[PDB]
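Step one of this worksheet: look at the structure below.
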Amino acid sequence: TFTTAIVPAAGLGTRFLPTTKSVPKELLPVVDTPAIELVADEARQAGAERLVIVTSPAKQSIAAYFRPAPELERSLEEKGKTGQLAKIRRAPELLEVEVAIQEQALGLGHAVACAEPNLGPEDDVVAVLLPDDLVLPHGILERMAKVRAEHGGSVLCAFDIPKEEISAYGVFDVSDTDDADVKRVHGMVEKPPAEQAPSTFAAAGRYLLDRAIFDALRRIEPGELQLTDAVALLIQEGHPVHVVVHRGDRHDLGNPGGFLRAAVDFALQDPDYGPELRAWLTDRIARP
Amino acid sequence: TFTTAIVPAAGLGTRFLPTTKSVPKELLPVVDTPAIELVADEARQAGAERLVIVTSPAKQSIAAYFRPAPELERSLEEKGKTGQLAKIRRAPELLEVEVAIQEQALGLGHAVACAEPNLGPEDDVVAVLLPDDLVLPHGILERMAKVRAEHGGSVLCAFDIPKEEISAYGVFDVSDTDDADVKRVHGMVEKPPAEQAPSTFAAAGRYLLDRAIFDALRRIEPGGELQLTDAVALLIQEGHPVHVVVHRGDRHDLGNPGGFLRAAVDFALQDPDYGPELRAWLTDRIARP
Ligand SMILES: [K+]
Ligand SMILES: [K+]
């Protein structure tokens, strides 16, 4: 399977201004843990050995997150904070992390293209994880790998969303396969009204891209490089593209509202917070 | 009244690990805005002209937050994001900001004492705001300034907490004044059990300290930790007036992820961009594990 996962992390996160003026969006805590760690863990569990984070020069603190912190570790160990200590050791031990620095945030297609110098002869396919999407539980990339193994080519991800709730998404035009959760991708429609939606399958931020994507990204017309256009070009030129339908849960960290739903969902499942938080929420929602 | 506010911000925020390995606790967003902004804004609205942030070398980034971002401002203006532009211009425009470097987090008293080099002749009194306490609405420091005007000396802040729920706090030993929300401070008891708590007045993280505190912090015995309560006790013993104002409004505690989330939810429910959707989601969510 794939060994390299790419995380595009170039965008400011304008919905979290003013905080994202100074703090990388991908380091914001979900309860106590940054999304960059959550997606790094997902990638590792799907068998990534390497993570290529694409970011801006201002967001290099992301890199330092994945390096050991000797003094802090020694301090926690001396206080007997074994739980906090394990929690800080987790991210640095997940995988080999590299940062591809992109001077200007010019969109997702450009961010993926800037990862190409970090790839090697073994990278026939790369995983891509968008860090604003949490796809739960872990394992969507493993299902996508099964599809790559059977059909070759590239693999996308979809959420199954009713046509009347889908108009914020890219929506796949598809044909059936022998697996109910796997479709062949014919195209994508951006933000269709319900009556024009070609399917209930909404583009989700997980990919297994064949190396052919980099050539496709070089040959698309800018106007910012759209990854969808590069995928559309591959489909034109006969490259197989399938999509796996995620059936489980998801969170959207793209704006504070979605971010808070994720943090609350996770905090309610944690005994350090859950019971007291549940009691507080019960009363709080009964008043303005 | 006071012109300099001091914000102690030297501690890691060990309860927010692993995030605070890389992100200063005081930059974490409440919905979209960091605590450091919320306390700078409070301080400005109480008439501060200057902010002295006490932090470690590794957390100097807090300072950059208070510098303009011309390129970002331009890009927001060109997209017609006038709301977002206003939101990023706010913190740099609030007041003059300085940082005092405290290589080691030796505590609150140490932090306050490391701010003294940033004071000038006109700083007879300083405000101190702990960024983990949000005291709502704005205005507690103005109430404390009234007390300083009447009695001189130094002024603390308390929440009114039942004795069955107060044992996590420092608790004041007090006497009455002619104002029901103003007490004379005799002393403080650290984390009393309910039956030993001398009052229901729990120490909150707002202060108006007379300059005398620095000398007191120089004369008290170190742990090299410098306990601020020991410096205030020394002043009390030496006849320096110390009163406390009882906050009657709301509060949030950003000291741990649980109280942080309560703050963020409380604020998001009042924000039309998020409130209605969030409230409907919460309604369903709390009805299941
Ligand atoms: K962790
Ligand atoms: K999406």
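Whatever order the structure lists them in is the order used to number ligands and atoms, beginning at 1. Letters A, B, ... are given to chains in the order of the sequence lines, protein chains preceding strands, and every chain is numbered from 1.
Atom OE2 is the N, O or S atom of A:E37 at the shortest distance from the K ion (ligand 1).
Side-chain contact, A:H186 with A:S175: a donor N or O sits under 3.5 Å from an acceptor N or O. A donor-acceptor pair shorter than 3.5 Å cannot be found between the side chains of A:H110 and A:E224.
For the K ion (ligand 2), the set of nearby N, O or S atoms under 3.4 Å includes one belonging to A:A203. The K ion (ligand 1) has no N, O or S atom of A:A86 under 3.4 Å away, backbone or side chain.
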TODO: Go through the steps for A:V126 and A:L208 under the test side-chain contact (heavy atoms from CB on, under 4.5 Å), then give the verdict.
DONE: CA-CA 6 Å; A:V126 297; A:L208 293 183; over 6 Å; no
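A cation-pi arrangement is present between B:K21 and A:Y65 under the rule of less than 6.0 angstrom and at most 45 degrees off the ring axis.
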